Every structure is written in C-alpha cells, then in structure tokens.
Amino acid sequence: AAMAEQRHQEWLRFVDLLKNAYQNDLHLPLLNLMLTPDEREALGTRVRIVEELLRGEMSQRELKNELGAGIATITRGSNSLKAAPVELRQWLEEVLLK
Amino acid sequence: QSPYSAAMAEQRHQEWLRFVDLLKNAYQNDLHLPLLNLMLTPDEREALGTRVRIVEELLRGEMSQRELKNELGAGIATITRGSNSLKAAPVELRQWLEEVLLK
Ligand SMILES: Cc1ccc2[nH]cc(CCN)c2c1
Ligand SMILES: Cc1ccc2[nH]cc(CCN)c2c1
C-alpha cells in the first residue's frame with residue numbers, strides 16, 4: 001500500500017523519459033546512462049530467449065546450450081511469455097520471426 | 001581463443017540493438033508497457049525508476065549524498081555508480097535531462 005503507488009509513478013516517469021528520448025534520438029546514450037553493461041547484455045539475451053520460445057524448435061536444454069542461459073532463466077522467460085497479453089505475443093511473433 | 005573477442009563484443013552489441021529497436025517499435029504502437037513487463041523484473045523496473053530520481057537529484061545538486069541515501073534508500077555505491085555514469089554522458093544528453101527533469 002501507498003509505496004506501491006509511489007513506485008508506479010516512478011516507473012511511469014522512466015517510461016515517459018525513455019519515450020521522449022526515442023523521439024529526440026537520445027535513447028542510446030540514455031540507456032547507456034541508465035543501465036549497466038551486464039543489464040544490457042541480459043536484455044539482448046532475453047530477446048533471443050523470447051524468439052526461440054516463440055519459434056518452438058529448441059528444447060530448454062538446447063536453448064541453454066545455445067545461449068548460455070540456465071534452465072531457471074529459460075523457465076522465467078517461458079513463464080513471463082505465457083503471462084503476456086495476446087496482442088503482444090502476436091506482435092512479437094511478427095517482429096522476431098519475420 | 002582470443003583473450004578479448006571483438007567479434008563476440010559486436011555480436012552482443014547487435015543483440016542489444018535488436019532490443020532497442022524492438023522497444024522503439026513497441027512505443028510506436030502502445031505495446032511498450034507490456035513489453036517492459038515481459039522483458040524486465042519488478043525489481044529491475046523499480047531500480048530504473050529510482051535511477052531516474054538519482055539523475056534528477058544529481059543534476060539538481062541540492063541534496064547531499066547522505067540526503068540522497070536517506071531519501072531513496074540507495075547506498076553510496078549506487079549513488080557513485082550513477083554519478084560516474086553521468087560523467088560519461090554526452091553534453092546533448094545532460095542538457096536534455098536538465099530540460100526535462102529540472103522542471
Ligand atoms: C524472456 C525472458 C527471459 C529471461 C528472463 N529473466 C528475467 C526476465 C524478466 C521477466 N519479466 C526474463 C525474460
Ligand atoms: C543514474 C544511475 C544511478 C545508479 C546506477 N546503478 C547502475 C547504473 C547504470 C550505469 N550506467 C546507474 C545509474
């Protein structure tokens with residue numbers, strides 16, 4: 001309670017700042033300021049996890065061998081993808097597989 | 001194997017740019033909020049929200065490090081990492097952040 005609203009406004013403030021950074025072509029330096037190298041790497045790898053989960057060809061073990069992501073990391077990704085709204089999942093199939 | 005792989009560094013960078021482009025396009029069709037719930041943890045989202053306030057108060061230059069720690073619950077190492085990163089930011093970014101964050 002209470003703090004949850006505080007955190008939500010703080011998160012939306014970031015979302016809006018980055019929204020406007022993309023509009024002004026400052027998104028790349030903004031994301032270098034706001035994220036660590038390891039965090040950027042994780043996000044690049046999470047995209048590939050989403051891609052290969054949507055593609056449906058690799059087992060969890062095969063996805064681990066390809067990406068270096070452990071079984072628990074892949075399971076986190078699968079559970080998050082199952083939780084995503086349908087419209088996002090359908091769009092991701094289009095953007096990441098074609 | 002190379003002591004330092006420039007090839008792997010660039011491959012990782014392309015993976016990062018793929019995310020950046022994915023999120024750019026999600027902003028254009030109002031899928032950015034669900035995309036960020038998919039791609040980030042709650043703790044990571046909270047950290048990003050807190051980092052915005054660290055930048056704001058560092059640019060403002062008013063609060064001490066003790067005041068910033070007390071206000072945000074952010075250790076000295078966290079405040080220092082943000083100050084160091086602010087030092088590496090390009091002038092165009094710092095000027096824009098001043099315009100947007102400082103009223
Ligand atoms: C796709 C994917 C793969 C691994 C992951 N680890 C943590 C997250 C954030 C969950 N909202 C994640 C997402
Ligand atoms: C502004 C701020 C505050 C605290 C932080 N901790 C880690 C980072 C990412 C560094 N590029 C960061 C940025």
Side-chain angles (χ1 to χ4, degrees), chain A residues 10-11 13-14 17-18 21 26-56 58 60 63-64 66-85 88-89 91-93 95-97, chain B residues 15-16 18-19 22-23 26 31-61 63 65 68-69 71-90 93-94 96-98 100-102:
Chain A
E10 290 173 359
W11 168 244
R13 185 179 197 193
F14 172 79
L17 184 73
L18 178 57
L26 293 173
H27 49 285
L28 289 178
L30 182 61
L31 291 170
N32 285 346
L33 168 64
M34 300 299 286
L35 290 167
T36 67
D38 281 353
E39 290 161 356
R40 289 193 290 281
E41 183 183 320
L43 287 166
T45 288
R46 289 168 189 183
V47 166
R48 294 191 57 194
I49 292 173
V50 170
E51 176 185 20
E52 299 295 349
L53 290 175
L54 292 173
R55 188 185 337 272
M58 289 179 200
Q60 279 194 340
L63 189 53
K64 169 172 177 281
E66 167 68 32
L67 292 183
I71 295 299
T73 294
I74 294 166
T75 300
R76 178 74 71 106
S78 191
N79 284 335
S80 305
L81 187 60
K82 300 204 220 295
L88 177 68
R89 191 260 307 150
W91 178 75
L92 288 169
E93 282 183 275
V95 165
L96 296 181
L97 312 180
Chain B
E15 296 180 358
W16 163 246
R18 189 173 187 198
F19 172 79
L22 185 69
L23 177 56
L31 287 174
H32 52 285
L33 289 177
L35 182 60
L36 291 168
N37 288 339
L38 170 52
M39 307 289 299
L40 291 174
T41 68
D43 282 1
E44 289 164 356
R45 290 194 294 275
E46 176 190 327
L48 288 171
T50 296
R51 291 172 185 178
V52 170
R53 295 189 62 186
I54 293 171
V55 171
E56 179 187 19
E57 303 295 349
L58 285 182
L59 294 173
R60 192 171 283 126
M63 311 182 6
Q65 250 181 348
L68 208 29
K69 191 261 162 301
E71 180 37 43
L72 301 180
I76 278 189
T78 292
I79 297 310
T80 301
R81 187 139 202 198
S83 171
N84 287 335
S85 266
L86 199 47
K87 284 163 162 101
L93 183 66
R94 179 182 187 102
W96 177 75
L97 288 169
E98 284 184 319
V100 176
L101 296 175
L102 300 188

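Heavy atoms only: backbone and side chains are in, while hydrogens, waters and symmetry mates are out. To find a chain, count down the sequence lines: A is the first, B the second, and so on, and within it residues start at 1. Counting starts at 1 for both ligands and their atoms, following the listed order.
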Could A/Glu39 and B/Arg81 be called an ion pair, given the rule that one side-chain N must be under 4.0 Å from one carboxylate O?
no

Output for pair (A/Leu96 CG, A/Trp91 CH2), nearest 0.5 Å, gives 7.5 Å

In plain terms, say whether B/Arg60 and B/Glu57 are close enough for a salt bridge, that is, a side-chain N and a carboxylate O under 4.0 Å apart.
yes

Taking atom CD1 of B/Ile76 as the centre, report whether more than 12 heavy atoms of other residues, nucleotides or ligands fall under 6.0 Å from it.
no

At a 4.0 angstrom heavy-atom cut-off, ligand 1 is contacted by A/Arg46, A/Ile49, A/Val50, A/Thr73, A/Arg76, A/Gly77, A/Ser80, B/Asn37, B/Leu38, B/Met39, B/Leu40, B/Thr41

Distance col, row B/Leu23:CG vs A/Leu18:CG, nearest 0.5 angstrom, shows 5.5 Å

A/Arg40 (side chain) donor-acceptor with A/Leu35 (main chain) under 3.5 angstrom
yes

